[PDB]
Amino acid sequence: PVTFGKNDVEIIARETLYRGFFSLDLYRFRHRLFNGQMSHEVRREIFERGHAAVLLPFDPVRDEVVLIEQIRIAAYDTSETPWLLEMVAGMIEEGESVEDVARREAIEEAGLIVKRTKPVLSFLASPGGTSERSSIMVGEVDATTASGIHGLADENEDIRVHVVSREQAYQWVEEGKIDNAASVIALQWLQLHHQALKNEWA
């Protein structure tokens, strides 16, 4: 399929336009046109904010899924509410594995202890404006042991756990009641592979 590779691109230079907690970078480069020639200097503004580790909490026996609720203001302007139904996830720091970063966040965010995890898919949220990459992973868990609201909240990441059936969470995806990238993919992947997974596990 794809022809060209990293030797077909010459990155002239990069710059940081802004730098707070997250940075916005500038990539200047030239590449192979599909007709064989190189292109002029091309410019692209790239949002650089690290890579993500995701984790789909799935209870094989009960055939349920554990969802995480929280606010995401970014969603405000194009959704009925900034509060979203999500998967477990954290930003991958220094030299951490996605597996660990994912199991570590399953305790913190949903108070669950993942037992047996399996990789799903690794995607780019939007190659057109951000270098961010997400690795999903499916994780076996007992829905029954989820935690609840925190009396003394984490205003940074204030979370409310939601436990629903596998089949339902999926309809919410099809219904548009679950529209963040990580969730839709993971849940879509589950709908296509659940029967095989319930048998492999349990």
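Note that residue numbering follows the sequence shown and begins at 1.
**Q** In a third or more of the other compared PDB entries with flanking residues modelled, does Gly148 go missing?
**A** Yes; at least one third of the other entries leave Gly148 out.
**Q** In the PDB record, does 186-194 or 14-22 carry the higher mean Cα temperature factor?
**A** Result of the comparison: 14-22.
**Q** For the stretches 147-155 and 129-137, which has the higher mean C-alpha B-factor as given in the deposited record?
**A** Between 129-137 and 147-155, it is 147-155 that shows the higher mean C-alpha B-factor.
**Q** Highest Cα B-factor in the deposition, which of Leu124, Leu85, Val98, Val120?
**A** Answer, based on the entry's C-alpha B-factors: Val98.
**Q** Sorting by Cα B-factor within the chain, modelled residues only, which third would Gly36 end up in: lowest, middle or highest?
**A** Its C-alpha B-factor belongs to the highest third of this chain's values.
**Q** Would you please rank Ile92 by its C-alpha temperature factor against the other modelled residues of its chain and give the third it falls in: lowest, middle or highest?
**A** Highest third.
**Q** Taking the entry's C-alpha B-factors for this chain, is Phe58 in the lowest, middle or highest third?
**A** Lowest third, going by the recorded CA B-factors of the chain.
**Q** Hey, what third does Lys177 fall into on Cα B-factor, ranked over its chain?
**A** CA B-factor rank for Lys177: lowest third.
**Q** Would you mind ranking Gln70 by its C-alpha B-factor against the rest of the chain and naming the third, lowest, middle or highest?
**A** It falls in the bottom third of the chain.
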